[PDB]
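Protein chains in written order, with PDB author numbering: chain A, 2 to 354; chain A', 2 to 354; chain A'', 2 to 354. A prime marks a further copy of an entry chain.
We treat Cβ as the ideally placed atom computed from N, Cα and C, and that holds for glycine.
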Amino acid sequence: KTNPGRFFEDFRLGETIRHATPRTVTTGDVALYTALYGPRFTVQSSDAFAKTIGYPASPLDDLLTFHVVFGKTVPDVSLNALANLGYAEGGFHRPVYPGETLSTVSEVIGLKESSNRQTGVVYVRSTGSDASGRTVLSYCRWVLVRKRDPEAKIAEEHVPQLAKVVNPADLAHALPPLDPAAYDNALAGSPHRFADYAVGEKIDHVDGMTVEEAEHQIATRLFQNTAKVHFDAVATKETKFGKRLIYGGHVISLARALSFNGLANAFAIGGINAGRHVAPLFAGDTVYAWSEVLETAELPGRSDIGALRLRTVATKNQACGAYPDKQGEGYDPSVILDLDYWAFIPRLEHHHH
Amino acid sequence: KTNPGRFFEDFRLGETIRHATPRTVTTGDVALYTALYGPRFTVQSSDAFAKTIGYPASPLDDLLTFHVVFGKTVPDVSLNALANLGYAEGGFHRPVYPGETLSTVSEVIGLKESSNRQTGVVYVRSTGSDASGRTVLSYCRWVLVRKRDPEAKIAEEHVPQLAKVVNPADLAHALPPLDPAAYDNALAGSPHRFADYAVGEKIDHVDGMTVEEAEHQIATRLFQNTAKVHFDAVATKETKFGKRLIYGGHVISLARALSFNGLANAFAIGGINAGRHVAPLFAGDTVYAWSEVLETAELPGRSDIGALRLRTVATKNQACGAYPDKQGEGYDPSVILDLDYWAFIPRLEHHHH
Amino acid sequence: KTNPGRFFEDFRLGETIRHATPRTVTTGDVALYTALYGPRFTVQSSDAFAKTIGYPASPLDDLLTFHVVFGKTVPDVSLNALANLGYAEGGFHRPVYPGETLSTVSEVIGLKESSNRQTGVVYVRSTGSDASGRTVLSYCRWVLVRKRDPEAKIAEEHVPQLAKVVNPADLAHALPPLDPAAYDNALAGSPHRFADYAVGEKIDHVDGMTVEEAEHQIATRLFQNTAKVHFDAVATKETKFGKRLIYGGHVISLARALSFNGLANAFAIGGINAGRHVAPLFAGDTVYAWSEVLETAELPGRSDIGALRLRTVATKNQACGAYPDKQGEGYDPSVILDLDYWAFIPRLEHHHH
């Protein structure tokens with residue numbers, strides 16, 4: 002029963018993995034998520050405010066939902082990962098409330114050995130469901146995993162093909178009918194509505210967050226994400242980094258929190274277009290971030306909210322006033338994340354019943 | 002939309018700031034507050050105990066209420082602070098329960114440039130309200146803030162004038178009618194009641210707490226307090242301290258927790274007379290504290306509880322058996338906080354209906 | 002009122018201590034316990050899953066119950082401890098739910114001075130009760146405590162005599178009637194039931210956890226455990242270790258979490274036979290663990306669950322594939338804990354009403 006877990010040669014294309022340890026998310030998790038990342042989006046922070054605008058109660062931060070659903074997959078898929086690399090085709094179907102239980106099922110949809118035959122990239126489609134089987138989250142990710150025995154031979158290889166953009170039209174049925182007049186701009190922390198954003202606008206978030214060892218471990222276990230490279234200062238000595246790698250998701254959550262400085266009314270996340278973990282983060286490193294409007298979509302059947310398509314780029318140890326990005330055939334050396342996603346935002350303020 | 006925040010030259014006397022991100026405080030926050038500071042006051046720790054003595058449920062620790070209400074003001078007032086300096090005229094109007102939402106409004110009531118023209122002291126009156134607009138917390142604080150451009154000229158300057166003591170008579174209507182017979186001294190951890198304290202009594206708390214980097218960051222984000230000097234190990238290199246300053250409130254909470262060793266039945270805080278952040282705390286530094294009875298007040302219209310006026314002084318890296326205080330024209334070098342406040346305490350144990 | 006606490010010479014055999022600060026355990030504590038230790042046992046993690054199998058709601062992790070009940074005793078017994086040493090005769094009478102309040106009473110049942118006359122071992126029987134006085138936890142522990150004055154003389158000395166095994170027959174009335182068919186092996190993360198374990202089976206847990214300073218302090222205060230040696234980087238300089246000792250219970254919780262890798266369906270703990278803190282853990286040290294089946298007991302009056310008797314041994318900085326244990330007259334140098342306990346596990350999967 003000694004189980005070092007699954008390695009790259011153990012995956013067979015088209016297998017469905019029915020992940021263990023479904024997770025009841027409570028106001029315990031909300032309070033710890035708030036203290037690990039410091040997000041200040043009022044919909045999630047204030048029940049009073051959420052209720053007035055047309056929610057039943059504050060919904061979970063969409064990234065608390067995401068890290069929990071991802072977490073459940075880690076024991077089977079990425080326990081023996083060296084790094085999670087990217088995402089595509091992400092959809093937040095349903096908002097999630099404290100007391101709800103989240104479960105995850107993954108489908109192996111790609112496998113590509115690395116040239117050294119020491120590792121492969123595993124591609125999965127992961128689907129999270131509430132206790133009654135209703136989908137709440139769908140996404141694709143790919144992660145670089147260890148082979149147990151490098152001399153082993155990779156049966157079938159397949160780099161799958163993924164939409165680099167989700168279609169706003171399928172995100173329309175996500176958020177319940179809201180009241181954009183009840184939405185109190187002063188309590189939400191910005192006057193800027195759907196119509197105040199221009200395609201091409203660039204936003205430095207200014208604020209920096211230095212990440213301590215204990216912070217990312219406490220976050221990573223909260224998600225019940227077991228990837229040994231987060232936790233084992235002994236074993237990681239024998240990796241390329243030689244020390245504990247911070248959960249990629251920790252950077253996504255930190256960048257989202259910072260993004261409140263300019264995008265406070267992008268209150269909920271509807272889907273993920275593309276994401277890429279460019280570079281790893283270590284304890285003692287400082288995160289900064291900057292964002293861009295790529296599209297501004299109206300939602301078929303709705304006038305309360307539209308959708309912003311956004312690109313957010315995070316750095317370590319480098320302010321983003323100069324908007325760091327590409328630099329030759331690759332990124333500026335300070336870039337650690339490049340995330341392309343749809344958020345929701347209120348439209349008009351005219352009171353209706 | 003790139004916003005480095007408000008600087009000293011941006012404040013205009015008499016402006017009202019209506020702060021963003023109102024905060025629903027849950028049993029998540031209570032559990033994290035308990036783990037960040039270790040307070041052992043039974044009223045807050047045990048619903049069973051609170052209910053018996055005449056509360057509807059355990060109330061929030063008054064400093065969890067305080068750090069949340071302060072927190073909401075930080076983005077507008079002290080995001081660009083170098084240090085929060087003092088308090089006066091603090092009143093805990095109403096106890097607060099899990100599920101309640103807290104909002105903050107501040108009034109700029111003072112401005113004084115520093116001699117180097119690099120900084121000014123900003124004086125505010127901050128008022129926290131529940132979701133229905135009822136006041137729960139009022140206080141005055143002053144914080145040393147950065148000027149964006151030092152060559153800038155300060156229009157109007159005003160060091161306001163503040164009562165160095167709150168009047169017990171206005172704290173009477175705070176706590177609901179309690180049962181001081183139901184109050185179980187063994188469960189509360191002290192036999193000492195209102196009548197067992199003498200004016201002039203001095204209490205060393207003995208216990209020390211060493212504060213790690215991750216602890217104060219996790220606490221400071223829980224309060225959604227954004228002051229860059231807490232978080233940015235890069236930017237703080239260019240400050241006088243050259244490293245992250247620990248939230249002043251973290252020291253107040255730690256000193257209050259330690260104070261359980263001698264003041265266990267000073268179960269709730271009614272108001273704040275004067276407070277002064279004497280000196281900063283850094284990661285790795287050890288806190289100790291000692292307290293003094295300054296007054297013992299009966300409350301107009303009540304026999305269940307009286308009010309102790311208390312002075313609590315915290316040190317770093319120095320036990321308080323010698324009761325460190327002043328030392329010439331200024332404090333003993335180890336002193337970091339000097340806090341003068343009213344707490345509540347049960348009187349007589351005679352059972353009534 | 003300056004109280005450095007109780008020292009070895011202050012205990013009198015046969016005294017009952019009625020401990021202060023009873024503790025309401027909430028979903029705040031559950032979420033923080035989950036993030037401090039990362040346990041993935043589905044009964045505790047998923048209400049949905051617990052309810053289906055025959056609980057009213059997820060019960061508290063038995064070690065969250067244990068650390069809280071132990072915590073309440075620390076101010077009186079072990080505030081001035083150098084190290085907690087062992088356990089015997091542990092019984093989890095009743096599972097515990099969020100909202101319940103826990104109180105502790107201890108009986109001094111042993112005292113033995115150390116040869117240097119600087120310290121003694123104090124032996125206690127500690128009993129935790131819900132708010133209505135019903136017992137939930139009973140155990141014996143012994144801890145090495147400081148004498149205030151070494152020249153002091155120890156009146157009565159007594160090393161009591163303790164059963165090295167609890168009897169499965171008295172654990173039968175602990176867990177409510179469950180449904181072992183409703184128990185979803187895929188959601189619980191193991192197909193192995195009562196009947197799949199063999200006496201003599203050995204299980205390496207593979208996974209390692211490196212423990213940071215802030216992690217054990219945040220955990221130790223959550224339990225409201227005050228032992229100065231956990232917290233005071235100044236005072237601990239003058240101890241044999243010269244630095245902060247990590248709560249022994251932190252190692253028990255970490256080893257239990259790791260043990261999910263092979264014992265996922267040992268879902269609840271019924272009692273503790275023997276436990277020994279072999280060696281201390283420090284910040285930066287990495288924990289690993291391995292377990293053994295010692296007995297497999299059926300429960301008088303029940304067919305849903307049986308009892309496994311288990312031995313789990315934790316190490317620091319040494320993988321357990323070689324199953325480290327004894328090595329001459331004493332343990333392998335890497336061993337830090339040797340814990341002998343009864344857990345519960347489902348039997349047959351045949352659906353009944």
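- Cβ contact annotation for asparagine 262 of chain A (same chain, cutoff 7 angstroms, sequence separation greater than five): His206, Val207 and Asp208, in chain order.
- With 16 or more other CB atoms across the displayed protein chains lying within 10 angstroms of its CB, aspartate 30 of chain A is buried.
- Within its own chain, the residues whose Cβ lies closer than 6 angstroms to the Cβ of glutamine 45 of chain A'', once the five positions on either side in sequence are excluded, are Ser59 and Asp62, listed in chain order.
- Fully enclosed beta strand (DSSP E) runs of no fewer than 3 residues occupy 269-278, 287-298 and 306-317 of the segment 240-318 of chain A'', in order along the chain.
- Two segments are said to touch when three or more pairs of C-beta atoms, one from each, lie closer than 8 angstroms; by this definition the segment 218-236 of chain A'' does not touch the segment 33-42 of chain A.
- The beta carbon of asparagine 226 of chain A sits closer than 6 angstroms to the beta carbons of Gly72 and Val75 from its chain, once the five residues preceding and following it are set aside; these are given in chain order.
- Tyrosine 38 of chain A'' sits in a helix when the DSSP states are folded into three classes.
- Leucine 349 of chain A' counts as exposed, since fewer than 16 other beta carbons sit within 10 angstroms of its beta carbon.
- By the Cβ criterion, the segment 332-342 of chain A' is in contact with the segment 277-286 of chain A', since at least three pairs of Cβ atoms, one from each stretch, lie closer than 8 angstroms.
- Within the DSSP bridge table, the entry for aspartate 339 of chain A'' names A'':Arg277 and A'':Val314 as partners.
- Residues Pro99 of the same chain have their beta carbon placed closer than 8 angstroms to that of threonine 28 of chain A', with the five preceding and five following residues left out of the count.
- Under the criterion of beta carbons closer than 8 angstroms, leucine 163 of chain A and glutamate 90 of chain A qualify as touching, at roughly 6 angstroms.
- In the DSSP assignment, the residues bridged to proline 347 of chain A' are A':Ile306.
- With a contact defined as Cβ atoms closer than 8 angstroms, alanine 256 of chain A' and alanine 315 of chain A' qualify at about 4 angstroms.
- Among the CB atoms of chain A'', one or more fall inside 9 angstroms of the CB of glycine 209 of chain A'.
- Following the DSSP letters along the chain, one finds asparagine 85 of chain A'' inside the beta strand (DSSP E) bounded by residues 82-93.
- For the C-beta of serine 59 of chain A'', the chain A residues within less than 8 angstroms are, from N- to C-terminus, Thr25.
- Contact of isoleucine 270 of chain A' with chain A is not assigned, every C-beta pair being separated by 9 angstroms or more.
- Sequence-distant partners of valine 252 of chain A' (beyond 5 residues in either direction) whose C-beta falls short of 7 angstroms from its own C-beta, in its chain, are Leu282, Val288, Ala315, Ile337 and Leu338.
- The C-alpha of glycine 87 of chain A' lies about 26 angstroms from the C-alpha of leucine 33 of chain A'.
- Between the segment 3-12 of chain A' and the segment 139-158 of chain A' there are three or more inter-stretch CB-CB distances shorter than 8 angstroms, so the stretches are counted as touching.
- Under DSSP, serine 130 of chain A shares a beta bridge with A:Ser104 and A:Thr136.
- Spatial neighbours of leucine 112 of chain A'' in its own chain (CB-CB distance under 8 angstroms, excluding positions within 5 residues in sequence) are listed in chain order as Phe9, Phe12, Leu14, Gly121, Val122, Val123, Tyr124, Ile155, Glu157, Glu158 and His159.
- Distances from the alpha-carbon of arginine 312 of chain A'' to those of A'':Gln319, A'':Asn318, A'':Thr297 and A'':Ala320 put A'':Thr297 closest.
- Taking a Cβ-Cβ threshold of 7 angstroms, none of the residues of chain A is close to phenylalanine 8 of chain A'; the smallest such distance is about 13 angstroms.
- Under the Cβ distance rule, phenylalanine 232 of chain A counts among the residues neighbouring chain A'', one pair being separated by less than 9 angstroms.
- The three-state reading of DSSP puts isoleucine 110 of chain A' in strand, counting E and B together.
- Counting only runs of 3+ residues, the beta strand (DSSP E) found wholly inside the segment 164-205 of chain A occupies 203-205, in chain order.
- Using a CB distance cut-off of 9 angstroms, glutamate 216 of chain A'' counts as an interface residue toward chain A.
- Per DSSP, the continuous alpha helix (DSSP H) segment holding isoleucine 54 of chain A' begins and ends at 48-54.
- Leaving aside the five residues that flank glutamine 218 of chain A on each side, the residues in its chain whose CB is nearer than 7 angstroms to its CB run, in chain order, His231 and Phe232.
- Rounded to whole angstroms, the Cβ separation of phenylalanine 50 of chain A' and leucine 188 of chain A' is 5 angstroms, and the two are in contact under 8 angstroms.
- The contact set of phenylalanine 50 of chain A' on chain A'', defined by CB atoms closer than 7 angstroms, consists of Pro23 in chain order.
- In this chain, the beta strand (DSSP E) harbouring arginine 19 of chain A'' covers 17-19.
- Legend: CB atoms of the segment 223-249 of chain A' lying less than 8 angstroms from CB atoms of chain A belong to residues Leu223, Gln225, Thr227, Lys229, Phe232, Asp233, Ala234, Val235, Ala236 and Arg245.
- Chain-ordered, the chain A'' residues with CB closer than 7 angstroms to the CB of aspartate 30 of chain A read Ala32.
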